[PDB]
Each structure stands twice: as C-alpha cells, then as structure tokens.
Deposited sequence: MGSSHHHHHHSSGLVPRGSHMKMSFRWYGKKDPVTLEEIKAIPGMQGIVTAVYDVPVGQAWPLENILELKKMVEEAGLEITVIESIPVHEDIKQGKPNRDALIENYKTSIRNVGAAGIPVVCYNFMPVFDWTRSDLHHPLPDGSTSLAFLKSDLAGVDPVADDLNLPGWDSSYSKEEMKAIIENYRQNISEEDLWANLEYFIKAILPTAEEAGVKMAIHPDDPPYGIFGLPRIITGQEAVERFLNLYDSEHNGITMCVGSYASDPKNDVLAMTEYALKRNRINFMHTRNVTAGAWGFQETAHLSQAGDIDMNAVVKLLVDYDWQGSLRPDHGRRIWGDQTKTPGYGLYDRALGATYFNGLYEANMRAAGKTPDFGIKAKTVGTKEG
C-alpha cells in the first residue's frame, strides 16, 4: 500500500539552504543528495557518504535518494577504458547500499546535463525562472568530446553504450539492494548535434527492457518529458506505474508548445502539467517512493544562486503536494501519512 516520502534536494555542507530550514517544511522526510568531493568517474568511499548521512539524520531526517552518482563521459562515449570507470560505479553503488540509501539516480546525457537559454526569464507576476528559448541563441556551437559525438556516435550507438552500462552495474545494484532510477534527458531531445535517447514513452519502454527488474527503473521527471509537447506525462507516468518502474519522482511544472519551453510554479494551472492527475495516479497505484518538488522560481529576495534550487518556491512546492497527496489519499479511503510522530514538545494531556 501507498508510501510517499516528501523530499528536498540538499547539496551538503556548502548549501545556501540548511537542514534546519528543510526540516521546517511541513511534511518533509527525505534529503536527496550526493558526494561532491570525489571527481566524476572516481568511486565514492563509505565515509564521504556516512558524513552526509550523519548530518542529515541529526537534523531529524534521512537520505532517501542519492541524486546522482555521475556517469563519466568516457562510459557514455563508449570508450575502451569504460570498464575501469564502470567498476568504480559498482563501488559507489555498493557503498550507497552500505549506507542504507534505497535509490540511486543518474543520467546518460552526453556532455550536457541540462540546457537553459535564459536563467532569469520573467513570468506573468514578477518572479523570474528558467526557460529554453527554441529561437534565442539556438543554432551555435557551445564555446574534443562534442565532435566525437557529433561525428561518430549515433543514437543507437548510445543505446548500445547504455545497455552495456546498465548490464554491467545492475547485478551490483541488486545485491546492494539499491534501485537505479534513470533521469530523462533535459530537454528530452537532440540539441547541439549531440544525441539524446531517454526522451519519451518508446524509450522508457526500450530502456526498462534493457534489464527487466525494479532495480532498473526510471526517475519520472514530469517537467523534462513534458518540455516536449510531443510527450504526454500522464500516460507515460501511468505506463511506467502499471509496470512498477518508477523509483523516484520529480515534480516541477513547465509551459510548452512548438515555440520552446518555460518553467513555472508547481500549481497545475501555472504550466501545462495536471499535477493532481500525476499524484492521483501515484495514489491509485499505491506508489512507494520519494517525491521532490524540484526547481522553483525566483520569488522574494531569493539569494540562492545555483539555478532552480532556491528554497522558497521549492518549499511552496512540497506543501502543494501535501494538499494534493492528502486530498487524493482521503478521496480513496486511504489514510495519508507525512511522518509526523509528535504535534508538540513538553505539553500534552
């Protein structure tokens, strides 16, 4: 039966936003984080991981998702030395299972993790936000790897590069008891001459099939998939739930059509995603995992640099999912839990 742990992203010691503050978000249970002192491709030690955990748990919370044991471009590129990098991935996996963290979250997106044309695009209310202006700048080389991809490696070269990968790590993932969750490409389509393959329903279906197991699931990031209208998140989310292969939810809204795309407040009505439908769906399928609001607007004096990762609107995101998850739970004769063990401290009757 259902079990959704409201979660927040936290970059660790050097985060603008603190655990004190994250904890104050009504219903917050999971911290979604990573090790940041180990170079990409290089293998996370247990101590790095337990350091983060000790901090997070003292704050009165738990790490429920490692967001991103990063994939070395060499691996993505399909270069001969991959196995070396892959064996390191296997260690990091083994190490996270060792810390008791249920899920690992990763992308297979070549040289770029995300693309945004404007980082302060105005919205109909004064708040800024990020957008992808299909017009602006677009159609210019970003000023060796890129040319490699552009020239040689096809999408199906990437499909085989990727299957090699997940075929290498999955048994390790299984023994650690860690659920992999592949993060869609963002935007979910070819740019810059680079290829993207994790982009829609057909790909989620081919990907899961790469290695048929729950240890091999997706991170349903509705705002990424829906950054291309060619995509319908609802049937995608459902297909994926019907199949038991969502291991992580992100839940940011986005407005889109043929013109490009722009991130908006989480509220279904502010963008093109019916967020109620999304969580109603998480409800009826007794989904068990974690959800993060993910990405916000710049509202108020918001001084967090690091892009959509300011506290305020992301917090205003979780409490909206609080209302959505709770109302839908009740509607179905289901009793919602938010992990509150005490209303008060020291008073009581």
Exercise. Go through the deposited sequence from residue 1 and tell me which stretches lack C-alpha coordinates, in order.
Key: 1-17, 161-179, 386
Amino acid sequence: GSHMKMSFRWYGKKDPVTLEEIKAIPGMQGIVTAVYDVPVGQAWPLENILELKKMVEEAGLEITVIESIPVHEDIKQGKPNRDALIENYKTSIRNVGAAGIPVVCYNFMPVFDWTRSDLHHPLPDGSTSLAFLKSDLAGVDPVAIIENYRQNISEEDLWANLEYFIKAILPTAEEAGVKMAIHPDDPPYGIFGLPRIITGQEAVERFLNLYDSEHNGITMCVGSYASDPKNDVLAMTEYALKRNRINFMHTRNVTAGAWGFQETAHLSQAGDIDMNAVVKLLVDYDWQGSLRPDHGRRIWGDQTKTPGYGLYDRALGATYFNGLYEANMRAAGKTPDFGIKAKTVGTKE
From here on, numbers count along this sequence of modelled residues.
Exercise. Going by the average Cα B-factor in the PDB entry, point out whether 103-111 or 75-83 comes out higher.
Key: 75-83
Exercise. Compare the mean C-alpha B-factor of 66-74 with that of 298-306 as given in the PDB entry, and name the stretch with the higher value.
Key: 298-306
Self-check item: Most elevated Cα B-factor in the entry, residues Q151, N276, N244, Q201
Solution: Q151
Practice problem: Just grab whichever of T237, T172, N216, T128 has the top CA B-factor as deposited. | Solution: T128
Practice problem: Grab the CA temperature factor for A342 from the record and place it in the lowest, middle or highest third of its chain. | Solution: middle
Quiz item: Would the CA B-factor of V40 place it in the lowest, middle or highest third of its chain?
Solution: highest
Quiz item: What third of the chain, by the recorded C-alpha B-factor, contains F261?
Solution: highest
Quiz item: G223's Cα B-factor: lowest, middle or highest third of the chain?
Solution: middle
Quiz prompt | Third of chain Cα B-factors occupied by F165 | solution = lowest
